[PDB]
Structure formats: C-alpha cells, structure tokens
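# Opening piece of the complex, as it sits:
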Amino acid sequence: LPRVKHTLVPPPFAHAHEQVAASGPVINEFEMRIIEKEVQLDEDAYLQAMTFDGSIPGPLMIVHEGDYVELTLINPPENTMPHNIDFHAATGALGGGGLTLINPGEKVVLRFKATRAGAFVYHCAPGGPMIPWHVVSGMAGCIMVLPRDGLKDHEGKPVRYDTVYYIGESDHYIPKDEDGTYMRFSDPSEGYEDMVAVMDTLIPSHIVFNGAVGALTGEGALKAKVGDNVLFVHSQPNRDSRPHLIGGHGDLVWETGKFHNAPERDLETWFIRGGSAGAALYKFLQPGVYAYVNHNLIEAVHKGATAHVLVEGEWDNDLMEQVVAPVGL
Amino acid sequence: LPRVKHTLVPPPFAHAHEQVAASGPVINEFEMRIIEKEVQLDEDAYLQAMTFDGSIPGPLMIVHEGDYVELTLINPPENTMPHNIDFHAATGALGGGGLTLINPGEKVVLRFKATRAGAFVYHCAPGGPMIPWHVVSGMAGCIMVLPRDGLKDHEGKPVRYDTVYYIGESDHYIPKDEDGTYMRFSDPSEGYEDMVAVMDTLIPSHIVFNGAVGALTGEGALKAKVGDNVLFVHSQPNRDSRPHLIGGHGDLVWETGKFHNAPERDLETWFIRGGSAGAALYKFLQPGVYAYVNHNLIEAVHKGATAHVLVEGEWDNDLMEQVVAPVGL
C-alpha cells in the first residue's frame, strides 16, 4: 500500500487531512514519545502527569475507514514507568495494549486496521491498578476515523466541516497536604498512594479541557466566523461529560461518536460517556463570545470544564434582539 | 406579526396552548419576576432560593417552532443580587445571558426566535462562579417549542397528548452546622461559602421535583385516567437524572428532548443530561398509584426525587393478575 508519514499537531488543532479520502487505503505512520512531567492544572494546583507527546490530551490522529495505522511508540529512559497504548479504534489484544508494553528506554511499532468509522479514545493501560492511574495522570488522546465517503448526515447527504477542534476533557484527583492545599511531589510514583485515596472517592479535584483550567480561554480561546461549520470532537477517557455550547446548539451530534450511526439534531446538551469520544457539528449564526462547557456547572466552573469560542461576523437581530436595554423600574 | 400575551401557570401545570399551531408565527410575550426567598426543601431543610416567578422550577413557557419569544424580565429592588437569563432555546449572546444582566431594581426585554423544536432549559447565568450558584439555588426552568405540525412519532405519524406535566428536577447543596443539622441563613450571599464547600464535593444534599421533597406527592400528586396520553417534560439544569415511571413505560421518549429526532419506544428508564430537558409520552393502561422517580433509588428516596401519579379507570387483568394472594408456606 502507499505509506504516509504524519506530523502531529498538539490539540485542540489537528494535522492536515482530507475529509473524503483523496486516494484508496494507505498505511498511516504516526510516532509518539511518552513524556512524564509535572504540569500546572490551576493557579495553585499541579499534577504528576504522564503524556503521549507532552500534551493532555495526547494529539489527534486522523485516518479514513479502511486505512491502517502504524505507530512507533517510544518511552525515553528518563521516564520512571512502563507504558503502552490501547486504541479503542483497534481490534485484538486489548486494543493493542498487550503488544505495546515498553520500559523506560524502549520502543515498539504496532499496526492495526481502522475497520470502524468514528472518533475513538486511545489511552495507556499498563495492567491492573496502573490502568486507572496512568489515565487519570493524562495518558489518553483520540483517534478519528472518517468514512472514506466523508461525513454523512441523518438522511445520508454529505456534510463537510470547515474546522475540527479536538476538546480533550480529563478528570484528575490531586491529593491535599493536611493544610488543605494541593500536594506536590518530585515524581509520579511518589504521588501514587495519596492520589489513590482521592480516586476511591470518585470526586475529581479538577476536570479540564486541553490540560488545565482556562487552557482554552484567554489566548487559548477557540476561533471562528459566522457561517463557519465547526466539528467539536470531545473525549473523556474515564468519566462522563455533558457538553453544551452556550449561545449555540449541536446541529448534528454523534454523542457516542461513531459516524455510520444517524446523528441527532438541534441538541442543547449532549453526553460523552467515560471511555469514549463524541462529535458535534455546529454552524455559527451569531458573532461574539461563546462558552463550550461540561454542563454540570459545578464541573464547568469550579473544576475547570469551560472553553471559549470567539466568533466574528454579522449580528442577525432576527434571531435575537435586546428590545429594551436594562432600564430601571 | 400577531402578538400574544401569556399568563404563566406555576409547574407542574402549563399555560393554555395548542399542539398544532392554530395560526402562523406570532410574537409570544412572557413576563417574569425574579424572587429571592428562603424555601423549605424537607422536614428540616431550607434553601436560600433564587427563583424565576417564585417557583422551582421556573414556569413552563410553550411556543411553536418559528415563533418569537419576548420576555420582560424584572428584578425587584428587595433582591440582593444581579441576575439574567440564558435560554438554551435561543441563538446568540450566551443564550441571551449577555443582554439581560439586570440589577436589584431594574428590568430588560429580550426577544429571540425559537428556530428549534424541543424542550429546552432556561436558567440564570450571571457570570463566573455565579453561574453554578444561582442555578443550584433554583434559578432554572424550561421552555417547550413544539413543531408547528404538532408532535410526530418515529415513523412520522402524528401523536397528541391529553396532558403535559412539567417535572423540574433540581439538585441542591445545603451545608451543615457542626451538629450535623442543615444550616440556615438570613440571605443567599450569607450562605455562599458554606454552600461552595458542599458543591465542590459534587454530592447534593437534596434532589427534588417541583421544589421540595414530596412536592409532587400527597396533595401535589399528579393525576390521570386509564386511556390518558400524558407528556412528562423533565428538566435537570446541572446534573444527570434517569427518570422511570414505576408500573409504566415511556411509550415514546425524546431523552435529549428535541422533537425532530425520532423518539425511542418501550423504555423502562431514560436519561436526562444535566443542562437539558427531555420528554416522555405515556398512555395509561392500568389504574392506581404510580411513582415517577429518578432511578438511582438513593436519589429517589433519600434525596427527594419521587413523584406520584394517581390514575383511575378500569383494571385489566390480562396485563397483570395476582394468581395466588400472599398465602403461607
């Protein structure tokens, strides 16, 4: 088959790709490097992270149904842990986990066939209690497998997006020193038992988009124009989320994230099941600031699950009008 | 366009409306008054509430796809907080939130076009940490936007209900004095920091239908007759729910609440995502007492999420028979 190398782009952006397959089935070559480092989640909150390619989430890989994926996965000798990769996109051997367990100072090359259209989680799954821990330390990302024929809608007609953003949501369980401030550690394995106690409560301390509170606000703010049709790909590897575009809708929404299923239309809020990725297409009609949230508003605001979209274009007063500005009684 | 004033009815009832639009697109005029007051949730549990029109949930507004909604929202000078309104039904400016921030002693008139069929949450969203707090103090309600053509079923055939009930479910985070009894405060802003600590645990103290434990039982019991086709509209602005009609089913169910999507049929239990509203139609076949619950039974029973329906009519022994009454071994 033809082979194609890919240069990965950190999220929320996506490496170049076609929607409808230009050619026939190819072998997609990706490479990633595992990086264990301490990341900042908030004003005063840090995480002993473990990443695919330095980012939470790991980067978006894009392919077409029928392609193959050949990934060189590498674990640099400065890392303290073994790691692997389970693609929910793949069939066999625990999604590839049973063939990619590599130690600090090793590499592995896995190939699988993308038989199934949709967005899918990939995450590290070293075995036993290492599974939850590596994932809640950030080791998860997404792979989107587009139908060859491009995206189809509910009645089977083509739909094309102008922009895909990859929203990687992730829940984290930072333990606290006695003083009620968040603990810091020199390495992950040092933080282990304290993180466990927090995990067993099933209450996350943080829940963030693209790695940290406010990561997709401020200079990280997502961008678009009125008339833009944007695909929002949203992953949650360990815990449910309920995405909502404040001031918008999901025009077409595959909440279970698999493109040969009919999308739902006109959604206020949709549902991403822990261990999955979903996709919502929206065409912006109104300019201005939007928020993209997890709509448990405690999770959106106290925990970190809020992104911003800045949209320019022409205001349409038909859709919305302030008839009487805030005047006194 | 023709304009129509509406007099709102507190939930679980609904102001008069037609299913299929009598006329063409009109401008629907609603008015609401924000009321900050202390409400009773349980035997010994109170909440520094903040309401649309004095009720939790805020009242149901009904319109047709293509109409406009013009709401006069009013914040009386005895209220201590600014407030606004975000309709998930609306497009632009944070669902209208960015155009309706009014202080104690002001009003605003917002118009938007109901472009999209379904039931939708509206809630107050003052900005930042005010967003979760105002919502978990009761400031949320629903607006149902019926297709002009009335309700259609899965194969496109019309369906009509004889009764709509609006079930507003709401989660609340009442803090506790040291003695393990629920705290009371003289105003909301006095209760703030104590409520926050509870909110950060993501465990609600109460979860209620129409404002309080047992609010839709006893004299609040919902009512119907065998042969009645009842639409149950159910909102949860901040947290997931799994509604179930004990002794019944959901005949046709839009769990994501948007009417141009095919309903599911024969459901034992459905799923309302936090930040959304859903709708289930049921035709009563058996008379007697039913319970409508959130089917995490700890939430239904220990937290407040239980309503009753009292149904009269003829018992059909074909569907269910006690063959041998409780006799000894």
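Ah, there it is. Residues are numbered from 1 along each chain as shown, chains lettered A, B, ... in the order given.
# all helices for the stretch 201-329 of chain A, in order.
Remark: helices assigned in the stretch 201-329 of chain A by DSSP state H, counting those that start in this stretch are A:297-298.
# Pick out the residue of it closest to chain B.
residue A:295 (2.8 Å; C-beta to the nearest C-beta). C-beta here means a position set from N, CA and C on the backbone, and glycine is covered the same way.
# contacting residues around the closest residue to that residue other than its chain neighbours?
Counting by C-beta to C-beta, 6 or more residues apart in numbering or on different chains, the nearest residue to residue A:295 once its immediate chain neighbours are dropped is residue B:275, at 2.8 Å. By C-beta atoms under 8 Å, 6 or more residues apart in numbering or on different chains, the contact list for residue B:275 reads A:242, A:244, A:268-269, A:293, A:295-297, B:88, B:121, B:236-238.
# quick one: which of those residues is nearest residue B:54?
Among these, residue B:237 lies closest to residue B:54 (C-beta to C-beta), at 17.3 Å.
# Could you give the number of residues near that closest one?
Residues lying near residue B:237 (other C-beta atoms under 10 Å in any protein chain shown) number 30.
# repeat for residue A:261
13.
# Let me know how buried the closest residue to it other than its chain neighbours is, in neighbour terms.
Excluding the flanking residues, the one nearest residue A:261 by C-beta to C-beta, 6+ apart is residue A:254, at 6.2 Å. Residue A:254: 25 surrounding residues under other C-beta under 10 Å.
# Tell me the residues of the stretch 101-250 of chain A that contact chain B?
A:203, A:240, A:242, A:244, A:246, A:247, A:248, A:249 (C-beta under 8 Å from any C-beta of the partner chain).
# ok, and the closest non-adjacent residue to the second one?
When the adjacent residues along the chain are set aside, residue A:240 lies closest to residue A:274, with 5.1 Å between them (C-beta to C-beta, 6+ apart).
# which ones are touching the one you found?
A:236, A:237, A:238, A:239, A:240.
# please redo it, this time with the cut-off set to 10 Å
A:121, A:135, A:169, A:171, A:236, A:237, A:238, A:239, A:240, A:241 (C-beta atoms under 10 Å, 6 or more residues apart in numbering or on different chains).
# Let's see if you can find the most crowded of these.
Counting neighbours by other C-beta under 10 Å, residue A:241 leads the contacts of residue A:274 with 30 neighbours.
# Which residues lie in contact with that residue in this structure?
Here residue A:241 is in contact with A:167, A:169-171, A:207, A:209, A:234-235, A:270-274, A:276, A:278, A:293-296, A:299-300, A:305, B:273-274 (criterion: C-beta under 10 Å, 6+ apart).
# ok, residue A:91 - how many residues close by?
12.
# can I see the domain layout of chain A?
Split into domains by curated CATH domains, chain A comes to A:1-147, A:148-329.
# mind adding chain C? sequence follows:
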Amino acid sequence: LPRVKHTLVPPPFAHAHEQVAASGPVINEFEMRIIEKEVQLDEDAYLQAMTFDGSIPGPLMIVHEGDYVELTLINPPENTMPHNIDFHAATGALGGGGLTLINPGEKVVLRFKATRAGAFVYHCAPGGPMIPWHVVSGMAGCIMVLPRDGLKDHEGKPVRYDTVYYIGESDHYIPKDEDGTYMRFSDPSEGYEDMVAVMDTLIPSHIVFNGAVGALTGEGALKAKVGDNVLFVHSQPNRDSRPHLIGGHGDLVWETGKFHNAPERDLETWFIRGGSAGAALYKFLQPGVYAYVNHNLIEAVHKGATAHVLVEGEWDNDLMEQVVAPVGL
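Next up, chain C placed on what we already have:
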C-alpha cells in the same frame, strides 16, 4: 394457553430458550426463593445480601413478546424481612410490587403479560427507604423479552447470537469500623443505619459483576471462539454504567435495552442507565483475553467492575500486527 415450566440457571448463564418463538404465546412459569445471606464481595469485604434465588444478580428469565409470566415468589421463614418484586417489564401496580409483598414464611403467585420487547430490570421494592436498601443489598435481576420474530438489526434484517451472557452490575455501600476496615454484621437489619450513611454519600464502596470482585475472572472467566456472535446483557438497577469490551466493540448495541428500537453500531463504549438493562452483540474476530469493564476505570479496577472473556481461534494479522517487538532505543 400452553404452559411451560422453567428451570432457572444462575448468571451469567441463561436457561434454554429459542430466539425466534417456536410456538405461539405461552404462559411461562418461573419460581424463585428469596435468600438473605452474607456474601463475600472482595478479599476482605462482606455484604448483608438479600437475593432472588441466592445470586447477585437474580437469574435471567427469558420469554417472548406476547407471552405471560407467572412467577411463584417465596420468602422462607428464616428470612428476617418482607420483600416483593417489581418487574420493569410489567404494566400496573408498581410493576407487580403492590401485589407481591410477602412476609418471612409466605408465598405469592403473580402473572403479567410481556407486552414489550427488550431486557428489563426486576428488583425488590418493599416501600419507602426499604426500596434503595433492598436493591443495594443485591435484590435485583433481569428479564429479557425477545421479539417473537427473533432479533432484528438496524435495517430490519435478522440477527442471531450464539451465546447470551448476563452481566449483572451492582453498586454497594459497605460501611467501615473506625479502623477503616469494612464492618461485619450478623444480619441485614443490624447493618442498616451504618449502610445508610454510606448510601447518602452516593459513593459505592464496591461495584461488581455477578456478585463479587473478580467473580467473572479466573475460573469465572467468560468464554468464546473467533466467529462467535455473543449477546452481552447488562443490568444496573440503581446506578449508571459505561460498558466497554477492551480489544472489541459493540457491533449492534441497544444501550436502553429495548429491541424494537434501532441499535447503534461500532460503539467503543455504551451507557447503561441506573434502573435499566442494555444489550450489546459482538462477533469475535481476534482470539485471546478480553476485558469487559465499566469504563470509569476507577470503578472498573478499584471497585470491582471488570470481567474477562477468553477467546480461542485464529489470529488475523491484517487487523493487528506487532511490526517491531519491544526493542531498545
């Protein structure tokens, strides 16, 4: 009508049945015996269980749409509690709960008509706070009502499984002595108030498949061959779950569990709402060990929600290949 006695098989197995109804509507006779006993959940964790037929979950009953179900339910005099049964499959009288409340030393015979196709929860529901408590002590199981015509797929074409496994997931709230070890009691009613405090936190101590941590691993490991089409029926009577077959997919999935609704296809992870049962069909393509998990990985690994499937057959390298084994850098 013809009558048919059934001998129940404990889960995850299923009594013999046909997929497409051999004959016309019959009266299905089942009998169950309530057993209150202490069960082991983990290495050092026990539960004052209350069961249908000695097992968690209660056994799978299978019938066809249009049949009747006549169950003799029996509560032996050594039991300390009254109990009943609510079938979500049934119509009227709180799913049969209002006609089957029997004391220690009594029996009852209930008949209902299975008007509705799908898998459905049945659980004990004695009234008030007894409802959550009996269910979180294990009193719940499932009844699957197959269409007469057998299983149909999304385009209406027949689908047949070679094996049904019944995965009964269940959440439990074991209290702790002061020393942080799990409490033990001599009877259920002795454990009551301590279990309540845990329940009110809505954090389960355990979440298990077929009764106990590791119950469906080791010698309990589920089994199949490449080319086997397996139906996985999955119930959660009180709390949401997100099932995922590690290394596999859900080929056709009724996550709300009702067979006259179109299934979804190609799912990585699906969603079982508390108070319901779902069904996923998968055709094994790759041999080896798979895990079937609740994909909140903290629930899967720290809490007990993990099963194993052992699959033999021929490895297909097209689907997955280890191109370069774990070699050094």
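# try the contacts of residue B:275 again now we have chain C.
A:242-244, A:246, A:268-270, A:293-297, A:300, B:88, B:121, B:123, B:135, B:140, B:235-240.
# and the residue of the stretch 51-200 of chain A nearest chain C?
Nearest to chain C, among the residues of the stretch 51-200 of chain A, is residue A:92, at 3.3 Å (C-beta to the nearest C-beta).
# circling back: mark which of the contacts of residue B:275 are part of strands, please.
Residues of these located in strands (DSSP state E): A:243, A:244, A:246, A:293, A:294, B:121, B:123, B:140, B:235, B:236.
# of the residues you listed, closest to chain C?
residue B:236 (13.2 Å).
# what are the bridge partners for the closest one, then?
In this entry, residue B:236 is beta-bridged to residue B:276, by DSSP bridges.
# For residue A:168, the count of nearby residues, please.
When counting by other C-beta under 10 Å, one arrives at 29 neighbours for residue A:168.
# err, residue A:179, not the other one
Neighbour number of residue A:179 under other C-beta under 10 Å is 7.
# you'd agree it is in a helix?
No: assigned with DSSP: H, G, I helix; E, B strand; the rest coil, residue A:179 falls outside any helix and is coil.
# ok, back up a step: filter the contacts of residue B:275 to the buried ones?
Neighbour-count burial (16 or more other C-beta atoms under 10 Å in any protein chain shown) is assigned, among the contacts of residue B:275, to A:242-244, A:246, A:268-270, A:293-297, A:300, B:88, B:121, B:123, B:135, B:140, B:235-240.
# Does at least one residue of stretch A:148-165 sit close to chain C?
No: judged by C-beta under 10 Å from any C-beta of the partner chain, stretch A:148-165 and chain C are separated, with a smallest distance of 12.1 Å.
# What is the end-to-end distance of that stretch?
The first and last residues of stretch A:148-165 sit 20 Å apart, counting by C-alpha to C-alpha, to the nearest Å.
# List the buried residues for that stretch?
Those would be A:150, A:151, A:152, A:159, A:161, A:163, A:164, A:165, for stretch A:148-165 by 16+ other C-beta under 10 Å.
# Tell me the one of these nearest residue A:199?
Set against residue A:199, the nearest of the buried residues of stretch A:148-165 by C-beta to C-beta is residue A:165 (29.1 Å).
# Next one: that closest one from residue A:247, what distance?
To residue A:247, residue A:165 is 16 Å away according to C-beta to C-beta, to the nearest Å.
# how long is stretch A:54-63 end to end?
One end of stretch A:54-63 to the other measures 22 Å (C-alpha to C-alpha).
# does any part of that stretch sit near chain C?
No: Stretch A:54-63 lies out of reach of chain C by C-beta under 10 Å from any C-beta, never closer than 14.7 Å.
# before we move on, what about stretch A:290-302?
No: taking C-beta under 10 Å from any C-beta as the criterion, stretch A:290-302 and chain C are apart, separated by no less than 13.4 Å.
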